[PDB]
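Numbers and lists here come from the model and the stated rules, or from a named source; none is laboratory data. In this analysis, Cβ positions are derived from the backbone assuming ideal geometry, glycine residues included, and neighbour counts consider all displayed protein chains.
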Amino acid sequence: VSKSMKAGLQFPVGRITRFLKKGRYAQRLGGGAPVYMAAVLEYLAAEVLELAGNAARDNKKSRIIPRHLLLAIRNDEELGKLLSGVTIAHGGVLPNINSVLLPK
Amino acid sequence: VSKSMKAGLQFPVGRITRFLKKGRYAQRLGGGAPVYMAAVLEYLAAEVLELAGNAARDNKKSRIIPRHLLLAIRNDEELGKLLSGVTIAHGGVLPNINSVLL
Amino acid sequence: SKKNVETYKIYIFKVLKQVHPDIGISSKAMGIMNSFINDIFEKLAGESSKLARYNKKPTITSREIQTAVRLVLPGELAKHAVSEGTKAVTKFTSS
Amino acid sequence: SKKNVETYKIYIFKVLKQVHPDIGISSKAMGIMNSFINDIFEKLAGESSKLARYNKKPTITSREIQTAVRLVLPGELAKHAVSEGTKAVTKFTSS
Amino acid sequence: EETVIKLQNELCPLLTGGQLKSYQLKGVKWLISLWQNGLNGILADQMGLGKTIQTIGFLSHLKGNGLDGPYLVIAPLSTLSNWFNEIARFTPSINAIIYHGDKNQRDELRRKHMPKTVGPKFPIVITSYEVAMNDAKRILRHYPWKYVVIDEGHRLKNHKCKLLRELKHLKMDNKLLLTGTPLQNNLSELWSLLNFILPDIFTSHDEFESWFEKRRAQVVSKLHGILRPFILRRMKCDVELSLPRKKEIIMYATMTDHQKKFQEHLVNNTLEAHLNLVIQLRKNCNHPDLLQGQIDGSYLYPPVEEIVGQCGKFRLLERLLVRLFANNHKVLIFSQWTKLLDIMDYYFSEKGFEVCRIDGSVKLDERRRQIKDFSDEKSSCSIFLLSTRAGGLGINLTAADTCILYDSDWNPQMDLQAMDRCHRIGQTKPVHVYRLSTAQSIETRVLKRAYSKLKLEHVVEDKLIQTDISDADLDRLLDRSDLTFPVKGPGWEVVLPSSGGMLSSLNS
Amino acid sequence: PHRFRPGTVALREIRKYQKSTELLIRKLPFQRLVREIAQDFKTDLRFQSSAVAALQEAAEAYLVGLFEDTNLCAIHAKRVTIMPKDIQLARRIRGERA
Amino acid sequence: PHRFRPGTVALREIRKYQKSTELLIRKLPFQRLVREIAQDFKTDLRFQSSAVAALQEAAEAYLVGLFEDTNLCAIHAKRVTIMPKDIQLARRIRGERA
Amino acid sequence: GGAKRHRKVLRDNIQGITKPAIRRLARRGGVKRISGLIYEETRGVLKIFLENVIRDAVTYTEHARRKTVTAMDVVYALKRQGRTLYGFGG
Amino acid sequence: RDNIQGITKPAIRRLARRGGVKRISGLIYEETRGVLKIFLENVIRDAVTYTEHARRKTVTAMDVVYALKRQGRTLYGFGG
DNA sequence: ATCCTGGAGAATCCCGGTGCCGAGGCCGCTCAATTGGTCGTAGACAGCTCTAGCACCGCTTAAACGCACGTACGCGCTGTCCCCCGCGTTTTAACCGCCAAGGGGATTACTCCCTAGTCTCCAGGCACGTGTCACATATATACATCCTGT
DNA sequence: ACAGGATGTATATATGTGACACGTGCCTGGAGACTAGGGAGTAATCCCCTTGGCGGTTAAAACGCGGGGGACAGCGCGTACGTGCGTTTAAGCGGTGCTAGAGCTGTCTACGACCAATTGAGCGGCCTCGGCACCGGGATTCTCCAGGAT
Ligand SMILES: Nc1ncnc2c1ncn2[C@@H]1O[C@H](COP(=O)(O)OP(=O)(O)O)[C@@H](O)[C@H]1O
Ligand code: BEF
C-alpha cells in the first residue's frame, strides 16, 4: 500500500512529497509530480552507479570509491556536461597528457 | 501617510511588500524587510543614475541613452563586477585597443 | 532526542544491487551519491518553482517537472529521464 | 480590461531628478533601469529565501535582506547599501 | 464631330496631332470646371477608356492659358515610359522629363533640365512611387507644385501608408487621383483617397463610417449622389460601341490524381514523409511540381512532358494554347507569382514558342522594348507573360486578342485591371477572358471572396462546374462571332459583367 | 593615388565600430538562420520580431566577447592575426565545449 | 652514475601525481593561511576540521584547474614552460578578475 | 534566352552571416588581421550558441503551450546560460 | 604574515604536475600564491557572512559548501 | 642611411537651420495601499550540558631548503613568400513599402475535480553493538624502461 | 644500432584491522478516509500580430588584382630550470586537560496574516514643444608621398 511499490520505483515517493512540501517550491503540489521526481532521480542514480561499477570492475576493485565515481563522471560525456562544475573530494583528475608534451 | 514618506524613501514600500508577498519567498515577512529592500534598491538606482548622468554630461548629451548606461556600468569596478555577465541591448563595448595593436 | 537525517543511502544501495549485484559501495561514495542526488533534487525543484512562477500557476504538476528535467539534464539524459518519468506516471495513474 | 504592469519608472525619474535635476532619461534607458532593478530585487529575494530555508526560519526579517545584500553586492556597494538600509529601518521603526 | 474638334482646338491650343473623343472632351471640360471652381476631383474611368488622354489635354490647356506651373506625375514605373511616349506623340512643343534612376542620375537630370526657380520651359516631371517617396523630403520639398496627378491611385488605399506621409510633407495646390477602379476591397479605404483629394470634405474616418434593407438602398443611393460631383465614371460598353466587347469564361479543371494525392498529403501532413497551410494548398493548386522540386532540392527542371502532364490545369492550358495557335491570335498570360511565370517560360522555351516576360526583375528599358516588340506587326510573338502587380498596371498591349489568368488575386480589382490590359482603344478583334481555376479546391473560395468584394463595387450548377471541359465545349467557347453559347456550361462559367457572383447570397 | 597602410584603416574601422554601437549583422539572414535552427528542433514555430532582435543582440554580444578573447590569445602568442587555434583555445578555457 | 633527463622524471612525477589522488598541500600551513584570512575579515572565529579539509580540497581542485588552463596557454604559445603571463591570460579569459 | 535550371538555390542560412559581418564584429571586438578559417569557425560557434539558446527557448515555449517564441522566453533562456539581456527584457 | 609562504615550492610543483605542467618557471610560485589568496579570500568572506547570518562563532562545513556553490564550484563528499 | 621638414589629398571636427518625432506635463479613475482589531504561533531569552575546538610538550622522520652543474629551452635576428588587406567594379540581396488571410495570444462565465488540512495508526527507517573480509603495508622478485659506449 | 647495468615498477603471498553490513527496539513520519473550496480544464470571440510575396533601389555584398607586412622555418646562445645529495626543520601522530561554544528544552510575548472599508497614487490617453538627427560647408587634423637637405 506504498506509493513507491505502486509506481515500481525504489526511491521513496512520500519522502520526496514531504521534501517538496517543506521547500515550498509551490503552493499546491501535483499528484504525479513526486512520482516523476522519484523516477528521474532513480534513473540518474542508476546510470551513475552503473558507470561507477563498470569503472570499479575495470580496476579490479569490489567496492566503489570516489575515484571510480570521478572517473565514470569524467569519461561519460552527458554526465560530464551535467556535472562539469562539480569537484569530487578524493577523486583526483582524469589521467591525460598532451601529445606535444610527450616526446615523439 | 504612505510608508515611503514615513521611511524617507522615494521607492514604494507597499509595492515591494506586495511583490515579496506574492513571490512567496517566505511564509511571513518582517516589517523592516520591505523598507530595507526599498532603501537598497533606491541607493543602487541612485548610484547607477549618477554615473549615467556623469557619462551623459561627458558626451554633452542631456538625455541618458543605453550607451551612457553601459559606459557608466563598465567604467566603475563595483557596478562592473555586479553586472559582469549583463549585456545591455543597443550598447557597444568600451572603447579600448591594445598597445601591441598600435 | 537526536535529529534523524533523511538520506537515500538504502535506496542507492538497492539501485546498485539491482544494476550490479556483486559490486559494493563504500561510505564516502555513498555520501557523494547522496549529495549528488540532493543537489539534483534541489536544482529541479527550484527550476519547477521558477517555471510555475513564470506561468502564474500555483500548482506544480508532472509537466513542470518534465520541463525542468528537459532544461537541466542535457540531451540523451533528459530524453531517457522524461521517458522513465512518463512510464512511472502512467503506471501510477493506471493502477 | 488590460493588465497594468507595475514598473519603477516614476520612482527612477524621481531619483534621477533628485541626483541630477537637469539631466533627463530616455525610454530605452528607463526600461533598462527598470529591468536592472527588477533583476536585483529578484536576486536578493531568492538569496533571502535561500538563507531563510538554510536556517529553518519561515520568516524573513531585515537581517536576511542585509545578509543577502552583503552576499550579492561587492565591497563598498554592499557597505553603503547596508548603511542606507539600517538608516531607513531605524527611521521607520522610530517614527 | 466637328463641334467636338473645334471645342478641343479652342480649349486646348497646344493639343495637336490627336483628336479628343466626345467623352474625352466632356471629361477634360469637367476637369477644367473643377480647376475653375478649385475643387479637386478623382477622375475615374474603365481601363479601356483613355485616362491619360483627358489628363494630358487638361495639362496642355493649363499650359496654354494663364501661367505655366510645375506639374508632377506620380505613377507606377511601367507606365511612366508610356506617359512620356504619349506626351511626345499627342502633345508637341511640351517638355517632360523622366525622374527615375540612380541617385547621381536623378540629381544630374534635375540640375540640368529643371532650374531652382520657375521657368517657361519647365518640363512636366514624371516619376515613380518609390522615387518620389524617397526624394520628397530631400529635393521635391524645395520646388512648389501647382498641379499634381497620381495615376493608379489604388496605391493610396491604406490611410497609414508611408506614401501619404511623404506626399503630405510635400506642398501641392491641386490633386487628381487617376484610378480605373476607385472602390476597393472592404470599405472606407476610398475615404483615404477622399481625405487626400478633399481634406475638409472627409476629415475623419468615423464620419465616412457614419455615412455608410430599405435604408441600405437609401444610404447607397445617398453615397452615390455624394460621390457624383467629385468622381466621374464611364464604362467601356455604354459610351462607345467601336470596341468589341469582352467575354469572361472561368475555365474549371478537375484536380488531377497526382494533385489529389498531394492534397491528401497536405491535409494529413505527410508530404515531407512521402519524399501556413493556405499558401501550401495554393502552391498545390498551381504547379505543385515546382513545390516538390524546391522541397526536394534538385537544381534541374523536371521533364517538360512530366511538367505538363503531371499536375495542374496544364493539360487544359495546352489545349487552350493549341486551339489559339490554330486561331492565330496573340495571347496575354497573367500570373500572381514569378515562379509560375518561370515554369511557363521554361516550358515555352522547351517547345520553342516565342515568349516575352515582364516582371519586377525586368528593368524599365527592357519593359519598354518588350512592349514595343509585342505591339509590333512583323513580330511573330503571340505568347506574352506578365505579372499582375507590375505588368498588369497601366500598359497598353492592344496587339493581343485574348488574355488568360492562371491565378486570381484576392482583390478582384487587380484581376480586372489585369484582364482589361488587352481590351483598350484600338482593339479590332473581340477579346476573350479565360480565367483558369482548378475545380473543387480553395481557388473556388478565393473566387467567392473576390466576387463578394465585387458585390460592393457593383452597388457602388456546382456539379456542372465540377466536370472537366471537353473538346466540343472548348470549340463552343473558342468562337468570337458572339461578341461582335449558354451562360453556364460543363466545366466553364460565364461571368456577368453587370452583377452576380459565385455566392449570390453574399452578392445581394 | 592615396593608398593607406593596412594598419591605419584597420584602426579607423575599429574606432568607428566601437563608437557606433549598433547591429552589425543583417537582420534577414540572421532571422533565416534562427528559423532554420528552430525548425531543426520543432516544426511550425512562429517567432516574435522582438525575440529575434534580442537573439541577434545576444549573439552579437557573445561573438564580440569571443573576438575579445581570441585577440587576447593571439596577442599572447605574439601574433597580430587571429587563427582558428586561438578561437579553440578561448572556447576551451571559457568552458564552452563543442 | 645514472642522471635522467629532465623529461622522463617530469613525466613519471606527472603520472604518479595523477594516479595518487590525495592531498598535495600540507594541512598545517593551509590551516594557518585560512585562519589568517578569516581573522582579516572578522576576529575570534573558530574553524571545524571538516570545513578546513573541504576548503583545502576546493583550493586544490581550483589550482589544478588553473594549472590545466595555464598549461593549455603555454602549449598554445609553443612554450613548454609556463609563465606568469599564461596565468594572467587564463584568469582573464575565465572571467576571474583580480 | 539563357538555358534555365531551377536557379539561385539559397545559400545556406549559416552562410547568411557574411564575411564583412564577421569582419565588423571582429573590429568591434578589437581584431586587426583576420585569418581565412576564422569566418567558418565563427559561423560554427554562432550556430552552436544559437542551437543552445533556441533549444532552451523552445522548451520554455512548449511549457507554456504557445506556438510563438516571445521575447521573455528568449530572455529567460539567455539568463539560464549566464548572459543577461536588460534591454529587450520585460 | 608568512602563512602565504606556507604554500611551499614543492607543493605548487606537485599541484602543477597533477595538472600536467612539465616545466615550471620561478615566477609562477608567487602568482599562484596570489591567486590562491584571492580565491580563499572570496570563499572565506562568503563563509564568514553565512556564519554571521546564523549568529554563530564557528565556521561550519555546510557554510563553506554554500559559499563554494555561490561561486559556481560545487563540492561533493564534504557536505554534511 | 637617416633625418628632418614640405605639400596635396582624404578624413575628421565645429558651426548654422530645421522639423520631427519621442520625451514631458494634465486628468478621471480604479484597484491597490492604509488604518483599526484579533490571534495563535514564530521568535527572543534564561539555563544545563557535553563535546568538540584550541593550546602544549616529546620523538620522529619525511619533507623542505641550499648549492654545483650542464643542458635543454626561451628568445633576438635574419630571408622569405604567401596570405591578408586597400581599392575600382558590379550585382545581388536587405529593406522599406503594401496587402489580404488567418493562426494564434487573452478574457471572461463556469464548474468540477484535484488538492490542502485534520484525527488516527503502524510499519519503514534510523540509532547502537558487533564480527568479519576487502584493502593497506612490508618483502622478495622477475621484468619493463632509460642513459651511455662500442 | 645493439648489448648490458642501475633504477623504478608490476606481481604473488602472509597477517593485521578498522570500516562495511546485518539483527534489533522503537518512534516519528508515512498512509487511509471524509470534506469544503479555490485552482484548474474548457467552449466561444476577437482583434492584434505573424506569415509570404511582389517592385525596386541602393548601399552593402562580391570577384579580381598588386604588393607589402606579418606568420613561420632555421640557427646561436647563455641563462634559467631541473636533477641528485647532505642537512635541517617543521608537518604529523600519540596523549592529556580545559572550557567556549553548539544544541534542546520550557515559557511566555510582541509581531505578522486576514478580513471589512476606503480614498488617494499610478497607470491609460492626446497634446505638445524642445532635445536630437540629417545636411551643406569652411576649417582643422592625420597620413601618404616623393622629394629635399646632410
Ligand atoms: N483620340 C484618340 N485617338 C486615337 N487613339 C486614342 C485616342 N484616345 C486614346 N487613344 C488610345 O488609348 C490609349 C491611351 O489611353 P489609355 O492608355 O487607354 O489610358 P489608361 O491606360 O490610363 O486607361 C492609346 O492606345 C491611344 O491610341
Ligand atoms: F493609366 Be493607366 F495607363 F491605365
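Here are the numbers:
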| read-out | value |
| --- | --- |
| Of all residues making up segment E:243-259, the number that are surrounded by 14 or more Cβ atoms within 10 Å (Cβ to Cβ) and in a helix (DSSP H, G or I) | 2 |
| Any hit, segment E:48-68, residues being under 19 Å from E:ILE231 (Cβ atoms), in contact with a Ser or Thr (Cβ under 9 Å, 6 or more places away or on another chain), away from DNA strand K (no atom under 16 Å from the Cβ) and part of a strand (DSSP E or B) | no |
| Residue in segment G:88-98 that is of a type outside the set (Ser, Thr, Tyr), within 13 Å of DNA strand K (Cβ to nearest atom) and facing another protein chain (nearest Cβ under 7 Å) present | no |
| Residues within segment B:46-102 that are within 30 Å of F:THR81 (Cα to Cα), hydroxyl-bearing (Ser, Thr, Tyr) and part of a loop (DSSP other than H, G, I, E, B), tallied | 2 |
| Verdict on E:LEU14 being more than 30 Å from E:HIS142 (Cβ to Cβ), hydrophobic (A, V, I, L, M, F, W, C) and either within 16 Å of DNA strand J (Cβ to nearest atom) or more than 14 Å from chain F (Cβ to nearest Cβ) (or both) | no |
| Those residues of segment E:80-135 which are away from DNA strand K (no atom under 16 Å from the Cβ) and in contact with a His (Cβ under 6 Å, 6 or more places away or on another chain), in sequence order | E:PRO123 |
| Members of segment E:367-397 that are within 16 Å of ligand 1 (Cβ to nearest atom) and either among the aliphatic types (A, V, I, L, M) or assigned by TED's automatic domain parsing to the domain that holds E:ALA75 (or both) | E:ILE371, E:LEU386, E:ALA390, E:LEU393, E:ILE395, E:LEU397 |
| Residue match in segment E:381-399 (condition: outside any loop (DSSP other than H, G, I, E, B) and of a type in the set (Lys, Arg)) | no |
| Residue within segment A:40-62 that is closer than 24 Å to C:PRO58 by Cα and within 15 Å of DNA strand K (Cβ to nearest atom) present | yes |
| Enumeration of residues in segment H:58-72 that are away from chain C (no Cβ under 11 Å) and among the aliphatic types (A, V, I, L, M) | H:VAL69, H:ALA71 |
| All positions within segment I:1-51 that are of a type in the set (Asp, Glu), surrounded by fewer than 18 Cβ atoms within 10 Å (Cβ to Cβ) and in a helix (DSSP H, G or I) | I:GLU30, I:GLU41 |
| Failed criterion for E:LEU62 (all others in (1) closer than 21 Å to E:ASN174 by Cβ; (2) within 16 Å of ligand 2 (Cβ to nearest atom) hold) | (2) |
| Test: residue in segment E:217-225 that is outside any helix (DSSP H, G or I) and either of a type in the set (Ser, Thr, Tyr) or touching a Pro at 6+ places or on another chain (Cβ under 9 Å) (or both) | no |
| Residue tally, condition among the hydroxyl-bearing types (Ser, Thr, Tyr) and assigned to a helix (DSSP H, G or I), over segment G:28-45 | 0 |
| Members of segment G:74-87 that are more than 7 Å from every other protein chain (Cβ to nearest Cβ), farther than 17 Å from G:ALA98 by Cβ and surrounded by 19 or more Cβ atoms within 10 Å (Cβ to Cβ) | G:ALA74 |
| Residue match in segment C:42-64 (condition: in a helix (DSSP H, G or I), under 20 Å from I:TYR66 (Cβ atoms) and either more than 16 Å from the chain's Cα centre (by Cα) or within 16 Å of ligand 1 (Cβ to nearest atom) (or both)) | yes |
| Candidates A:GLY31, A:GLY8, A:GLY14 - the one that is more than 7 Å from every other protein chain (Cβ to nearest Cβ), surrounded by fewer than 22 Cβ atoms within 10 Å (Cβ to Cβ), over 22 Å from C:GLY31 (Cβ atoms) and in contact with a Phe, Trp or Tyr (Cβ under 9 Å, 6 or more places away or on another chain) | A:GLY31 |
| Qualifying position, being farther than 19 Å from E:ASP289 by Cβ and within 19 Å of the chain's Cα centre (by Cα), among E:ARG389, E:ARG323 | E:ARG389 |
| Matching residues in segment D:1-18 - criterion: being crowded, with 16+ Cβ neighbours inside 10 Å and facing chain B (nearest Cβ under 9 Å) | D:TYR8, D:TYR11, D:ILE12, D:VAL15, D:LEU16 |
| Looking only at segment G:1-34, and only at residues there that are more than 8 Å from chain I (Cβ to nearest Cβ) and surrounded by 17 or more Cβ atoms within 10 Å (Cβ to Cβ), the one that is nearest to I:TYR29 (Cα to Cα) | G:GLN31 |
| Test: residue in segment E:57-67 that is within 12 Å of ligand 1 (Cβ to nearest atom) and in the same structural domain as E:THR16 (by TED's automatic domain parsing) | yes |
| Sole residue being within 16 Å of DNA strand J (Cβ to nearest atom), more than 30 Å from E:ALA44 (Cβ to Cβ) and more than 14 Å from chain H (Cβ to nearest Cβ), chosen from E:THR467, E:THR444 | E:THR444 |
| From the options E:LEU140, E:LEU80, residue that is assigned by TED's automatic domain parsing to the domain that holds E:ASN185, closer than 28 Å to E:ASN396 by Cα and among the hydrophobic types (A, V, I, L, M, F, W, C) | E:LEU80 |
| Only listed residue being over 25 Å from E:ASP479 (Cβ atoms), surrounded by 18 or more Cβ atoms within 10 Å (Cβ to Cβ) and in contact with a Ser or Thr (Cβ under 7 Å, 6 or more places away or on another chain), chosen from E:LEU393, E:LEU386, E:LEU397 | E:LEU393 |
| Subset of segment G:11-27 [outside any loop (DSSP other than H, G, I, E, B) and of a type in the set (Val, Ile, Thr)] | G:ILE14 |
| Segment E:7-51, residues that are farther than 23 Å from E:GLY180 by Cβ and more than 16 Å from ligand 1 (Cβ to nearest atom) | E:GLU10, E:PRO13, E:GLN36, E:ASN37, E:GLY38 |
| Cross-chain or 6+ apart pairs with Cβ under 6 Å, segment E:386-407 first and farther than 19 Å from E:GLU366 by Cβ, then within 16 Å of ligand 2 (Cβ to nearest atom) and assigned to a loop (DSSP other than H, G, I, E, B) | E:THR398/E:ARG424; E:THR398/E:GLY426; E:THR398/E:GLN427; E:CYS403/E:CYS422 |
| Evaluation of C:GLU76 against (1) within 17 Å of the chain's Cα centre (by Cα); (2) crowded, with 17+ Cβ neighbours inside 10 Å; (3) at the interface with chain A (Cβ under 9 Å from one of its Cβ atoms) (one fails), failing number | (2) |
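Residue-wise test of (1) more than 25 Å from E:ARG233 (Cα to Cα); (2) acidic (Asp, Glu); (3) surrounded by fewer than 17 Cβ atoms within 10 Å (Cβ to Cβ).
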residue	(1), (2), (3)
E:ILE139	yes, no, yes
E:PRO144	yes, no, yes
E:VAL149	no, no, no
E:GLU152	no, yes, no
E:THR179	no, no, no
E:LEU187	no, no, yes
E:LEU190	no, no, no
E:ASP200	no, yes, yes
